[PDB]
Structures are given as structure tokens and as C-alpha cells.
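Here are two versions of the same chain, shown separately as C-alpha cells and labelled structure 1 and structure 2.
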Structure 1
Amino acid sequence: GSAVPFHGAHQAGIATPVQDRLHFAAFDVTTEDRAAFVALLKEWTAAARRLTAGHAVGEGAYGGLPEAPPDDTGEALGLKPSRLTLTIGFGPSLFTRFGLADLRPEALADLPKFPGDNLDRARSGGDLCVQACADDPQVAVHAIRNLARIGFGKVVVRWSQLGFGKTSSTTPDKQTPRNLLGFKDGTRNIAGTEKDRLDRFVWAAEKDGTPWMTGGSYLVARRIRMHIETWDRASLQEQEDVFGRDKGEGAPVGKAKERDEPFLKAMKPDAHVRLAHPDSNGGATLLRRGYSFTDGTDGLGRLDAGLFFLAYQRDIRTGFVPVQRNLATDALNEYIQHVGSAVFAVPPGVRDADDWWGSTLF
């Protein structure tokens, strides 16, 4: 139920322990007035400080003027902060507005087309994002709803994704969660305690070429549908061969324990772990922070199931792109399809109570 500190050199919600629930929203900007957009970023920051502390936005949820709408929509009254983090990102499309073209980071690379892609343009892209993670889904929804309300007339929601359950880990001391294929997902990630690895692979540095982004990160979001019907008729051995780990313990093939180090040459050459491992990718390492979803049925008699894949990295060109390219032959591709995509520059942290989201850019 505790609060995660909002202020810092970095935004919370990245290295932070992974919370149980996600509500991710991509927004498009509808104002061409830079000053109004700045005002919104300031108002949003003020609301975020309230929300992440378990407090109502503005003057509260009730007890104001009877004739006015309440400042806060009220559905989180009486609830704990629930480890809420709110993380903002700017998409490549934002830099076409407000005189920002020259400030677009080179590290904010457009993704190439990948084999097998079937991207829904309506559930892709976005001028900006807000990642709301918390242990209570009502707290997360309340946060996105109230930010959207404050932003009426200046931003609209383009698309959103709820995650019902995490599929990622930044805390190796705690149980690794399973994805809907039934395998632990998150064993070999980057932990929040690994400052050296975070500096090497996740946070942008000044020398990288874009000063305003120092202490920020770059996010890739990929909506991935899972072919559950096909997977569920696969043998146990086929399933384990796809990954290169056993299903029960999640140990590397031939080994006894989950966290024993992989011996890659014992895996099939198309195994997911073998292809995705840093040693197969010139050392490229990601912070994975995704969640599972189910969006009803497919209309054809089956449950829908997928994974909303989130990866943070110091540079898209040296993180997601090389790794995903190396997955072109992945055995897992028979059971998945990427159906949505977006990239964002995640700015540095809000340093103190006088700072605001995006201040280093604007």
C-alpha cells in the first residue's frame, strides 16, 4: 500500500519494483499553443504529486461548491497509494510541433518493419504516453482518468492498454511471474539495485548527444497477440524447446535451478533465450517491464490473450532493434504476432517540488 517517491534524478516506474497492474495511455496533442502545452505539463505534474501520494487532485473529491464539478472524480477515495507510479514519454510525432524538430533525439529511432508484423495503426504511435502502474487497478484507472480530464481540449487519448498481471521483474529476490504461455518471464532482466547496469544499458547520458535527455530512457511498446489455441496443443517438449528453459522450474535446459546461468550451446539454435541473450547480440541488454492482457474473446469461440511488451533502454538502436532483428528466426514466432507498436523518449526525473515533467525539453 506504500507510496513510491515521485521525485528523483530519474522517473519512477522503470527500475522500481514491478507493480501488479498497468494502465498505459497514449495521447495525441490537439493544441498548437506551446504555452498552453507547458501549462498542461505543469498541471499534470502537480496532479501526479497528489495521486502518487494517495491524495485527491486539486481541491478534492467533494465539499466544494455544490454547483461545480468536483476537481477529483472520487473513485480512489479511501484508497492507499498502492505503489502508484506515473511515467511520461514523448513520441517522435511530438517533435513536429512547438518548434521542437531539432531536439528530437537520434536515439529515438523509428523502428524498421520486422517480418511477421501486423500493426494496427490505430493502436500504435502517439505524441505522448503515460504509464500508470499500481497494485490496485482502481488507483491506476483513477490516475489516467483524472490526467485525461485535466488535459481536455489540449490532448486526447489515442489508445490505451490495461495489463491485468505483470510478466516482468526488477526484483530477482522475489518470485518471477509467469506469462500466459505458462513460463516464468523476467529471470534475466536488470534489477533496480544494479546501478552500474542501469547506467550502462538504461539511462541516457549527456555524452550520448542529447543533453535534455540525460537521466531519461527510451521506451519501446509492442502489443503481442499469443496464439493460445496453437500453443496449448503443443507438446511439453516443444514448449520447452521454444524457450530453452524448462517449464516447471524455469531453469536453463540441463540445469536444476531457475537462476543458474544459461549454457546456450545446449539450447536449440532457434530457442528464444539463445537468440535474445546479450552474448548473441554484441552485449545488448534491455530492461523488460511488460504485462499480460486479455481483451475478451476473438469472436471465434476462443479467449484472447497477449503480452504488452515494454522495454527500456539507453538507445533504441542498440537495445530493442538488434535484439528483435536477431529474433527473426525465433521458434516463438510460430505462436505470436506483433499487432501494435510505439516508441517514446522518457525524460529525466522531476527533481523537486518546483520542477515539472519535460522541463529540460521546454
Structure 2
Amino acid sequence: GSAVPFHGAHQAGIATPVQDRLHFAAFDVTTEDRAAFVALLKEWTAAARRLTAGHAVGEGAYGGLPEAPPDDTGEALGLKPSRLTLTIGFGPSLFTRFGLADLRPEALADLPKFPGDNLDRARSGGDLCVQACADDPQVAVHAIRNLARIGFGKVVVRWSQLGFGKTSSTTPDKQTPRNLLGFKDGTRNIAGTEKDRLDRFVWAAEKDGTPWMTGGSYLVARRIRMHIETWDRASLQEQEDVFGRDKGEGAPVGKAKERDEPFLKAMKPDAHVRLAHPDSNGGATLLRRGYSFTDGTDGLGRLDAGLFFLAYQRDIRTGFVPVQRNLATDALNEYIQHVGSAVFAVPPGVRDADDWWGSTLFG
């Protein structure tokens, strides 16, 4: 299809179909004035309604007064909506402003330091995030560029990441994408069709303790670099032993088909799938929604590439934290390094044309 509805009980971009491209930006707030920030949230919501329907922001990209700057920067003229979704989230650091310290959710937990972390502070944290997903990367980039412009003076861009998954024009919808290590990635995940599993593992409930967050979710972002040239020198058997699945079909060891249920005891004890599986983690289950990245080459001639990992969950303490803790001895650790991190509370949806991002928090 061509557009995804913006309004709902939940924000789009979580349980809605996974689009081909990502532009993820983290923002820091520069104003101390609560009223000015609320005004910004309203203006951003109005812009998002236009962007996600394939229209220009404000009075448009051309045809206004000649002596004024155009309201929209114009680089998406002639493109389609491209299934654009715009999803906003609030970082822990936002709650030190505007008198919000007692409204930080307990489920918005700070992450511990994990073994092997090498986090770049410049590509970590942030007061706010906007996740822009679309099938055309120019549509996503135009949305972030225009939100940043509207906000100039009240927010700045802290860090930015582009990503890619499948190209839907050429690749069937039911084919699992492969990551840059060459393995199928996403076989055993929560799907957007699974309403009850979303209620159990993804959406915040009123009884969880934070009423303004009901119908929201919690997001963990990790920029994970792969050591591509080292991986590519490993034997086929070494690569398959790291995961617990074969490379060609992606079946669990000792099984024949991709979607055959794993037998964990046949895998090596420190294989990635064995460590990450819910049965190894007291039932903990995540919605993964990440994207591959390739940024260029570093100063040594090596490919700067990896996985921009995104996970949504009902509570960070019972989702990401236990699972990532269990990966302390993962065989995959030889080939990856976590180099960026951030966490966000993703509020409930925009209910109708009069509602605005963050209305349950700000009032």
C-alpha cells in the first residue's frame, strides 16, 4: 500500500508493517520554557500530519511570497507518501527539565554497563528521538530535515543514523531479510499481527504504574558495529556454530526448515540463538525492529557497517536488560562491538485531529 494512518491509540511505526529505509535522529532541547516546548510539540504534530500524507509542511515549498523563505524545503516534491511513519520518544534526560522529575516512568530504566561496551558519548543519549521509516530514503530524510528546521532555536540534532532493510519493489514481503553477516534475521520475533503478544510484551498498561504512558512503549537503541573483515575469514562451520542455525536455509541445527522450532540442546552452549531465546531468559520476549547500516570506510580501510538495533518492550527491566545480560558469553561477541546507546519512552498515539504528541504528559 502507499500510506499508513497517523492517528490511533498507539503511535504508528511499532506494530505497523516494516518499511524499507530508516532515518533515526536524537535531539537535545535548548529551551528552559515549558510553554515554548509545548508549542513546538503542537507545531511538530501538525507537520507530521502533512508529511505522512505526502504533503508539504505549512504553506508549501513554493508559490508563497517571493521575499520569504519557503515553509517546506522542497526535496520531496513529486514523491509519494512511501508508507512514512514518524514515531517520537522522550529520553531520561528530558525529565530533568520543565518540572517533570516525578513523572519519569520507573520502566524507563538506565542501562547498566555491559561487558565489551565501547560507547561513543557523542552518538549516545538524547533528550528526544524521532524515528522516520519509509520506503524511499529521500522521504525519510526530508521529514527529519524539516522537523529540525521548524525546531531551530528550541532543539538541536545530537546524532543521526541512516539504515536499510529489504527493497520491497524487488524482494517478496514474506522473505526474511538477511543481515550483513549473511544470515536471515527476524525469523522468531513478535509480529504486528499478534495482538495479544503485543499487549503482554510491548504496550504499557495503566496498572503498570505510570498512567500517562498507557498505550505507549519503551525503546532501546544500540549501534552495533560488525568486524566484517574478520568475520569473512571465519569458516562456514564457525559462522553456523556462532548462531545455532545454518547459513543457506536458516534452519535450527538438526532441523530442515527456517521456521522449524529450535531444539536448544543441539546448539553450542554459547550460541547466540540459545542465549537469546525466551526459554533461556524466564520468558522475556522482545519486538525487534532494527536496520542494517553501512556508513563508509574507516581510517584503516575497513568497512564501517553493522546493525542499528531497535527493540520495543513493555518494561526495559524485563525485556532488553535480562536478554542482553545473558549475552555476556555469546560466541558472536568476537565479531561485534556496541558503540552507541540510548533509551526512550514512546508515548501513546495521537487520538484525532485535535490531539498532539506528548499531550498525556504535558496536559
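All residue numbers here follow the sequence of structure 1, with the first residue given the number 1. Between two forms, the rigid core is the largest collection of C-alphas that superpose within 1.5 Å. Residues that one form lacks are left out of the comparison.
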After rigid core alignment between structure 1 and structure 2, the listed option with CA shift of 2 Å or more out of 82, 281, 176, 170 is 170
Rigid core fixed, the Cα of residue 17 shifts between structure 1 and structure 2, in Å, by 1.2
In sequence order, the rigid core aligned, runs of at least 3 residues with C-alpha shifts of 2 Å or more between structure 1 and structure 2 are 164-173
